[PDB]
Amino acid sequence: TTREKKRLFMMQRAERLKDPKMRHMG
Amino acid sequence: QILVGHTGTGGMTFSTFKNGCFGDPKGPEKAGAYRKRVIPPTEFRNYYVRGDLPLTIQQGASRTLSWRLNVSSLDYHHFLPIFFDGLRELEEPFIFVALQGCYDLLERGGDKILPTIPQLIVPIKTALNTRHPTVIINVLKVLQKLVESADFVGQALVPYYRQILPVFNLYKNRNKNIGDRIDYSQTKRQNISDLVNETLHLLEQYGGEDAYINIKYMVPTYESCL
Amino acid sequence: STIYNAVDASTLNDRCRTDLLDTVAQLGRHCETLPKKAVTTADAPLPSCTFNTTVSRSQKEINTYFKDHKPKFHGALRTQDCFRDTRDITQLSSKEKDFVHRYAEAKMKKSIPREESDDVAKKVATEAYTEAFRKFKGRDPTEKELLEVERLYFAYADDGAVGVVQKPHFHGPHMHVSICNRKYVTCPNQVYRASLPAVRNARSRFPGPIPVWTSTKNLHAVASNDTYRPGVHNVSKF
Amino acid sequence: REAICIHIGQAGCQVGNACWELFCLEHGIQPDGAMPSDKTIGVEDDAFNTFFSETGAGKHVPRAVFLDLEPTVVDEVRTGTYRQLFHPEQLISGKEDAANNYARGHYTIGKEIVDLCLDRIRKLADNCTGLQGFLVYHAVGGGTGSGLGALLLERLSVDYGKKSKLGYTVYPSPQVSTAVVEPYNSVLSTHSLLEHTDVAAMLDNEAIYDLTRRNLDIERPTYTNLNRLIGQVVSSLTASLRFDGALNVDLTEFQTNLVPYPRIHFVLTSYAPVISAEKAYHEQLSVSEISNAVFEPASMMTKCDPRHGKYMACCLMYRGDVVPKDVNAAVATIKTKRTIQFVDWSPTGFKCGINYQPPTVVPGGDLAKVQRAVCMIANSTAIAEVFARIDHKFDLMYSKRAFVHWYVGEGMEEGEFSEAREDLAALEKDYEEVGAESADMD
Amino acid sequence: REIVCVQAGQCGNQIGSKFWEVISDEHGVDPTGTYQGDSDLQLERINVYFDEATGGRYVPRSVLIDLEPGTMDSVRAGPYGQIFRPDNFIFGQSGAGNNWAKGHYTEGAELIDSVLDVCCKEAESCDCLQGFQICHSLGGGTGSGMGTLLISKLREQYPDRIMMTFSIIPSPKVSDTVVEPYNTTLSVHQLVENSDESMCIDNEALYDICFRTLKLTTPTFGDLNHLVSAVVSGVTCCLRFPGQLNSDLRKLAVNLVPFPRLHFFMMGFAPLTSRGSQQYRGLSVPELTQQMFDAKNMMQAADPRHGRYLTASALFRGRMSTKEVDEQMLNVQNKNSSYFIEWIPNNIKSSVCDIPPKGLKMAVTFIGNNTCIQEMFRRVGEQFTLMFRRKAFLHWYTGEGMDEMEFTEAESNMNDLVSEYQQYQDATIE
């Protein structure tokens, strides 16, 4: 389903960008 | 339109500024049934220009027709339908010849009118459908002359009421309401409704026993003459 | 929809319609009277390739009213002074002029006579100072002791006496604290005319740790700390 | 939501091989046209529609035509690994080349092949529901690329009308050269590109060779490296139509923001994190550093120095994990710089775009894998210097009519040389005049 | 007393999504539409924002409009997206291209009739209709053009109701688009004639709120849209809950607008504080009032200190004494007397409502009519004059069909608005 994949991608992106160092230079 | 400044109602809202249908408010289009329509070309014109009609116009002092032979001996099957076809002409001299020939043939036809009744239904039907008052008057007068022409003619027209009577209903009740004033249209017999009523009465009188039921079936607002 | 159509289609009576339309017209006229900024116009010597076109681009194209009421109250308190009116804030104060004269005298290593002025305020202040000095000490003040007039601020009392303001107040709004707190725009302790000081814009800097400020030349350009400081010169009255 | 690619001649077909290799690997389509279930998780769906259409059996086929006059590069495609991906009608080939003559391609030979090309493009355009432009790849140095590219752009401009046409064009480099007649073909090409293109992107092979020697660590580069860099740039610009993002950019808003006057449509292009895997562990790659990179002339893919002119508009495309506040801080720092100048009539000089899909890595590639990248297209008066260098070589050759008899024999009037040279001179003067600050009252 | 909301374009659709999340939370509506609340006070005014469909569920009276469906697929994918009525999403097939003329004349007129049909169907269903509420950006393309087109048509069809707009306008410092000045100037020209009350927001002011006051480490557009959703949901609180001194949108308009053109207002919401700092300072009516007038807490770049307040309004939510509200608002009027227009004896209206926003015991929202808004319009007009004198990008608009006279009319109307604010901003001793 498209909605499930979009929600999953957004959740993983939010998990990645939570660390400021990783947002800067990951 | 370009919106000009210092004219809008901005910041000015007031309770006093107050200013389920499957069709447009204007309603359906006027698909008129009384409108005139084009008259189809007739074979009377061709038979007159070719010269197959055994007749001539004698000028003398007034317009009459003379026949090169007695009309009791012509073939009515060939000639009677084509004169009825010319009843829907308008311009001269076709209309004069058509009416005079119809009257002369019906006047002294004899006992040979009866077999030709089934063949006259198509010109009668196609002349009345044109919604032109002059041809309607002419057809009604010819019909009145035809019913009284000979014996058993009226009884033969009863099964054909479904092809003649539809136009009769249109002008049945369209007479004039002038109150006290007298009517000058009676002298020349130019009133459609009076002709329609009197023709219906003639059709009933000569029709036999089953005339009234058929006319009532085709004209709903009818009353028995006898 | 225009205002005229709405007024004509409304349910108001005629008189109210006329009043509303007249109010709108008067507001429009008063707006026309105001100072404004001129509407921009395109330049005359503009180069080519602005009126030209291209085949693809050509294919794409489809082708009075506000009356003044100033009510006055009997016995209202005095809120003006002659001494306050004479002084101005953009120029040098009298004490600054005194220091300039003393600096010149020290530099030139000799006494320099002071300029003589015909201001009536100076004469009134000198007369009051001489009277006070004669009351305190039997002598009349000397020329050296009369230099004290320049260093002091003078004012009139309510009854017409001449005095000295010991502790002047700020010419902007300030606080007098008592059983209750109050703001005074003007107070008799003020020396200069009352005015509202200019302030710096709160949103001058970028929303972030980067050093970007708004430019001093226009309202949209930006600047940084390269060869000048843009944050100190963003003060404006409006 | 769809775009059709037209590849002409040798450079355009070879760049097409790299482009379609990348678009297949990025969407997950196998060389036989299938999409296995486990290669799709990781990216969303319908995204292929911009470049591929599926058959009722689920095979994918791409929206492209490959055009050449010699039967050689397309025979390599026909016999290579992707033979089954393309429909055989899309690979169109003639019998013989235009022999470096623009006149031979335009008048004599391209006129025979052009109607088959238009019929194939029509067959593609009938299978679309939201076509929003044509992308064209060609070189103006060769005969068929110049002549057939011009003839096809004229016919396309008459038949489709309003549809947008964006061109990626390789002009002859200022001192590296491959053929003697390059100036004549480039001059004759520029009139058609001026009239029949909405935005023109500039490339120079000498710039991509410098970029591959200095930034990448390749001592002996070849055309496949340059073509892979071009493919990455086109993928970055078209990513805004294909993947989710914070600030999307449709091609019409790009055209609206980048072109101030209808003839001033020639733009410079650059790409920031061109870097090798060995260099990648010594350096961080923040948004502000790559934004600073796209404005250095060592980053440009065209041999021009923007310090000799003024910028009119910039369009910055960011892809990957980026947050708008970092883009705003970077653009404000660039705007602060004193060696970057904008014309005073363009106060709001920047357009931004932000997309979440990071750039794809190709197995044999030389770029490192990175989480974010920025690509810039900008309009600047500095481009006038490239034309001036082409014009000097044209003037040197034309002073003695060095080769004109070839062009005149194949059907061209001698007058067209003088006409084309005067039109390019007027375009150079337009870029000189448009960049002059303000106006005087007298 | 029912409100109809309209959200246009991507910014409008995103703010609308956050607003409907906040409103659904306050009335205890499950994302399936089922009522799961815990007090009768929630049900008695649920009609104000929701219509009731049969078997318990509630659906929100909102119209979603955009020119490209990307945002609609995003809102349908959102956490509360299912609640929206499927027939209420209207969309086209190609974007606005950031062009005002494209959004207003060519693709606008094709869809506008379907939007007016849906808005009329929604309006005629209410037993008593209150004003409309519209969210859109002025710098965009479909937001500006179709928002102002729809505002004009609804003002023609419902002239006796209230028209209220919340609008975001491009920063001179943090812009995403080059042609922003034209779209902004034409939109302000349309609003000053069409609107009854207009609120303006700078993204720069919300970023300064987040960074200085909230100390957020990595802010996102969702936070910006929450600040906007908080003020919009706060203004209507007295319409839908009991209180000691009720207030209404029409009552706000009657007390705030002295003359019909001066209807542009500033907004603020007081209880803002970072999770680390909140343990060090308790909330109280003096603290909310002091933050409420602090320019750090105002959502525009123009500063009140460069102008004067004609009128202001404060709406308080929570259980509190009327004496503290009255004496605090008197103290603020007395202490800053130079910033209040002297020919109006008292400039502030107060209102008190018993039910606070969820998670706060008390809150206040501030609406202010201040002449410093003239600085924002002057800055936009300056950038327009730089671009217009040189014909910088006019061929796009002229190719769509615009007359240059439209540009000169819009410039003249904004210049007269700036002049009217400027006369009242400065003192006149005479």
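Brief remarks follow.
Every chain is named by a letter (A, B, C, D and E) in the order it is written, and numbering of its residues begins at 1.
Convention: a contact is a pair of C-beta atoms (placed from the backbone, for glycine too) under 8 Å apart; a residue touches a chain by one contact, two chains touch by 3 or more.
Counting only chains that touch, the fewest steps needed to get from subunit A to subunit E is 1.
On a Cα centroid basis, the chain most remote from subunit E in this structure is B.
Distance between Cα centroids is largest for the pairing of subunit A with B. When the C-beta contacts at B-C and at C-D are tallied, the pair with the greater total is C-D. Distance between subunit C and subunit D, defined via averaged C-alpha coordinates, is recorded as 59 Å. Subunit C and subunit E have Cα centroids lying 34 Å from one another. Computed from the mean C-alpha positions, the centre of subunit A lies at a distance of 32 Å from the centre of subunit D. Taking each chain's centre as the average of its CA atoms, subunit A and subunit C sit 55 Å apart.
Shared contact sites, meaning residues of subunit E that touch two or more other chains, fall at 155, 159, 172-174, 207, 218, 259-261, 383, 389-390, 395, 412, 416. Residues of subunit B found to touch two or more other chains are 6-9, 12, 14, 16-19. Within subunit D, residues 261-262, 323, 325, 328, 332, 347-348 each touch two or more of the remaining chains. Inter-chain contacts, as defined above, occur between A-D, A-E, B-C, B-E, C-D, C-E, D-E. Residues 41, 44-45, 244, 284-286, 321, 323, 356, 371 of subunit D are the ones that touch subunit A when the two sit in their complex. Interface residues of subunit C facing subunit D in the complex, by the touch rule stated above, are 43-50, 52-57, 59-60, 206-208, 210, 212, 220-224, 226. Those residues of subunit D whose C-beta lies close enough to touch subunit C in the complex are 157, 161-162, 165, 194-198, 261-264, 325, 328-329, 332-333, 335-336, 338, 347-348, 430, 433-434, 436, 439-440. Subunit C meets subunit E in the complex at residues 1, 6, 27, 31, 34-37, 39-43, 46, 50, 57, 60-62, 173, 181-183, 185, 196, 199, 201-203, 206-208, 212, 214, 218-220, 222, 236-238. The part of subunit C that touches subunit B in the complex is made up of residues 1-4, 6, 9-12, 28, 31.
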